[PDB]
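Given as structure tokens, the chain that follows is alone and in the form deposited in one PDB entry.
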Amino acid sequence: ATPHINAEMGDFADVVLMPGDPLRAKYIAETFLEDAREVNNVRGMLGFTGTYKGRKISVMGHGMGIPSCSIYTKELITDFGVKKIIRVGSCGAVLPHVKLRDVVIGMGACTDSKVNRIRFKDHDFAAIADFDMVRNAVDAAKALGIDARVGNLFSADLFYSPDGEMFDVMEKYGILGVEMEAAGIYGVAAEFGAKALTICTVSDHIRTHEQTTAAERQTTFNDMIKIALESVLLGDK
């Protein structure tokens, strides 16, 4: 057990899908995994382990923000033998050509957090995904007929940012999505020698207020999860 995960070595697979919302974790388990067992309830951060076409897979919430997800991802790498983390989340878009419900794959993750500076002697750590995991995700998306853009995310510490102008800077430098975790997860993976990827669906445009249905959200969310799970099977080869 660790302070935030009441479980032992072997309860988690070597690969873990992590939505922000732990309710979405329970939904992943019942919708995609066979023979699923609950492996964590500490703080209501529900975690499960089952199989997807024979492959052992886990899914657990990480919570909003770099500090929350850094706790869970670290404990998984160092205490539960986890080799790969796939964040499966939502993000807001700043580019007019990036559309609602697009799948975005974060090869890199910008941030305004200080966590990587603390790690990297106050220099610029390029918070990057594992390259094979990125390609695996792109190829799985192609096989599912989903076109996916690959590029930079921005991991914000403040959802309610007092710096509105920063969104224009993000746009100028090609940021595909604004979320709150990738740069933290990528930092942890590098620190403790594991691999990570963040995939997000665009749920918001910080531009116009445009609408989606609940049905449209479920279908797009299911597509991201399919992408992530099929990406794992490609990574196994």
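Numbering starts at 1 and runs along the sequence shown. Only residues modelled in both forms are compared. Note that the rigid core is defined as the largest set of C-alphas that superpose within 1.5 Å between two forms.
Not on display, but discussed next: the form deposited in another entry.
In the core-superposed comparison between this form and the one not shown, residue 211 has its Cα shifted by at least 2 Å.
Annotation: residue 151/residue 220 CA-CA distance longer in the other form than in the displayed model, change of at least 3 Å. Between residue 26 and residue 218, the Cα distance is smaller in the other form than in this structure, by no less than 3 angstroms.
Core-superposed comparison between this form and the one not shown: residues with C-alpha shifts of 2 Å or more form a single run of three or more, at 209-220.
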